[PDB]
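What follows is one chain in structure tokens, specifically the form deposited in one PDB entry.
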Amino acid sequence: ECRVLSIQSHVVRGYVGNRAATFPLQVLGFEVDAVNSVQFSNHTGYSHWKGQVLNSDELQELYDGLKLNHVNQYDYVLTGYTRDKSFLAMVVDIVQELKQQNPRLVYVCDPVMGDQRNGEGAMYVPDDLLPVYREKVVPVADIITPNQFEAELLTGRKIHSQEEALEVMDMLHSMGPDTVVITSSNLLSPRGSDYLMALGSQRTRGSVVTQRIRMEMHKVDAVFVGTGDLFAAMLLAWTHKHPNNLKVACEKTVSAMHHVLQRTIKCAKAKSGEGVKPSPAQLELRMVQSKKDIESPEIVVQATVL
């Protein structure tokens, strides 16, 4: 039995934050405890949204409830989008304390910054969260999934090539996490300009061996919300099943991603009128219908070892 504490947004309709992470982890066999950092009607890709936010004091009370009952034993912690630095600082305190009674606990973190759509009713992540991610979060995180933009902010460097990316990833390793994945970048894939390139690095174990990989997936003709949340949740699951093989973990995670996205776009175009661009409501991830692909994804991508 593996127990995950996931602290992310909750939307009534659709998939983002905890909605995008819970179902996948459950069908894969993980026990998921979900703290909903906010509760909104839907994500920010729609024209309207309403809801309420949970403050750091409220998050503390919920955790204390678990502590008072002596049920605060976790194997994993999972976090993502946050637009509140005080909330984030509270998350760090909770993780450190959890790692105290279980030094084997793995903290998976997606350090979201910028203007990514989300389920917390925000248009942007405050610039002041950067120092908190750099100095408090990353140092205690074991697996991080920054996109290029985020990897550059965290290291103060700019990536202009594949070589600089590996250097940036090494710096991230020195900051703390043994597994780093740059989920997307603007690096032109040598396979074509329509493929999105992803890079992965894993320090295993006197000399620590580093396993580096690169992957490429063809872009999809649409804008989706919650894909970063789904990606991190499935990577958690597969790295747990393949602890020393980042290659297989990523191939399964990226393949699953492909199956869900393809089914989603196909359904969206079928529900929209002819020659009409699908709306955000029509583009919600087809989560429930992709159950089998999530459980056992047909491999459609091959990672090359660098």
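Rigid core (definition): largest C-alpha set, two forms, superposition within 1.5 Å. Residues that one form lacks are left out of the comparison. Start at 1 with the first residue shown and count on from there.
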- Query: Between residue 205 and residue 206, how many deposited residues lack coordinates (none, 1 to 3, 4 to 9, 10 or more)?
  - Reply: 1 to 3
- Which of 189-197 and 88-96 has higher mean CA B factor, as the PDB entry lists it: 189-197
- Out of 134-142 and 228-236, which stretch has the higher average CA B-factor listed in the record? 134-142
- For residue 262, does the deposited CA B-factor place it in the lowest, middle or highest third of the chain? lowest
- Task: Please place residue 306 in the lowest, middle or highest third of its chain by C-alpha B factor as given in the entry.
- Result: highest
- Item | Third assignment of residue 151 from its chain's C-alpha B-factors | highest
- Note on the structure: Chain-relative C-alpha B factor for residue 244 (record values, thirds): the highest
- residue 54 - Cα temperature factor, lowest/middle/highest third of chain: middle
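Beyond what is shown, the protein has a form solved in complex with a small molecule; the following relates to that form.
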- In contact with the small molecule in the deposited bound form (heavy atoms, 4.5 Å), from 270-278, 238-246, 60-68, 33-41, is stretch 33-41
- Query: Out of 107, 81, 74, 133, which one falls within 4.5 Å of the small molecule in the deposited bound form, going by heavy atoms?
  - Reply: 81
- Query: Pick from 129, 112, 95, 168: which has a non-hydrogen atom within 4.5 Å of the small molecule in the deposited bound form?
  - Reply: 112
- Item | Touches the small molecule in the deposited bound form: residue 21 (any heavy atom, 4.5 Å) | no
- Query: At the 4.5 Å heavy atom threshold, is residue 225 in contact with the small molecule in the deposited bound form?
  - Reply: yes
- Honest question, do 139, 151 and 177 all end up within 4.5 Å of the small molecule in the deposited bound form by heavy atom distance? no
- Query: Looking at 187, 90, 153, 122, which has a Cα shift of 2 angstroms or more between this form and the one not shown when the rigid core is held fixed?
  - Reply: 122
- Query: Between residue 116 and residue 290, does the Cα distance in the deposited bound form come out closer or farther than in this form, changing by 3 Å or more?
  - Reply: farther
- Query: How does the C-alpha distance between residue 119 and residue 231 change in the deposited bound form compared with the present structure, closer or farther, given a change of 3 angstroms or more?
  - Reply: farther
- Just the runs, please: which groups of three or more residues in a row shift their CA by 2 Å or more between this form and the one not shown on the core? 114-124
